[PDB]
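The block underneath contains the structure these notes are about, expressed in structure tokens.
Every read-out reported here was derived from the displayed coordinates using simple, explicitly stated rules and does not represent laboratory data. In this analysis, Cβ positions are derived from the backbone assuming ideal geometry, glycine residues included, and neighbour counts consider all displayed protein chains.
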Amino acid sequence: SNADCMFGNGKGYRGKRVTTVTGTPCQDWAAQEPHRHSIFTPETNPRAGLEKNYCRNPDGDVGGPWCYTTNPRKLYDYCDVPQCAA
């Protein structure tokens, strides 16, 4: 596959999904915008492969990969990337 898929929780999810389960665009892990988060950035989590706004699981939530949303409703949510390790 093009490797836009997660392995388990998405800890080694090296994909490029950029939307929550709703399709709400994931914010840039790098951007505090419009959700300021000096956490789960590429620079605070240089082990979970956080690039741009592509979904990731820095914490390896056992529910799956997530991101921060550009949605003024919630700070973060889960993404909808298929299981690569399946």
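Annotations for the structure displayed:
- Qualifying residue in segment 17-31 (condition: among the basic types (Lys, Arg), in a loop (DSSP other than H, G, I, E, B) and crowded, with 21+ Cβ neighbours inside 10 Å): yes
- Taking residues in segment 4-21 that are over 16 Å from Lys52 (Cβ atoms) and in contact (Cβ under 8 Å) with a residue 60 or more places away in the chain, and partners anywhere that are part of a loop (DSSP other than H, G, I, E, B) and among the hydroxyl-bearing types (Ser, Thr, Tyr), the pairs with Cβ atoms closer than 7 Å and at least 6 places apart or on different chains are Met6/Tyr13; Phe7/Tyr13.
- Hits in segment 61-86 - residues which are small (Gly, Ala, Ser) and farther than 20 Å from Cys5 by Cβ: none
- Summed over segment 24-60, residues that are among the small types (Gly, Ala, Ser) and more than 20 Å from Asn2 (Cα to Cα) total 4.
- Boolean, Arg56 is in contact with a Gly (Cβ under 7 Å, 6 or more places away or on another chain), charged (D, E, K, R) and within 21 Å of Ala86 (Cα to Cα): yes
- Residue within segment 62-83 that is surrounded by 18 or more Cβ atoms within 10 Å (Cβ to Cβ), touching a residue at least 60 places away in the same chain (Cβ under 8 Å) and either of a type in the set (S, T, N, Q) or assigned to a loop (DSSP other than H, G, I, E, B) (or both) present: yes
- Scanning segment 32-61 for residues that are of a type in the set (D, E, K, R) and in a loop (DSSP other than H, G, I, E, B) returns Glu33, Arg36, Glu43, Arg47, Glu51, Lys52, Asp59, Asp61.
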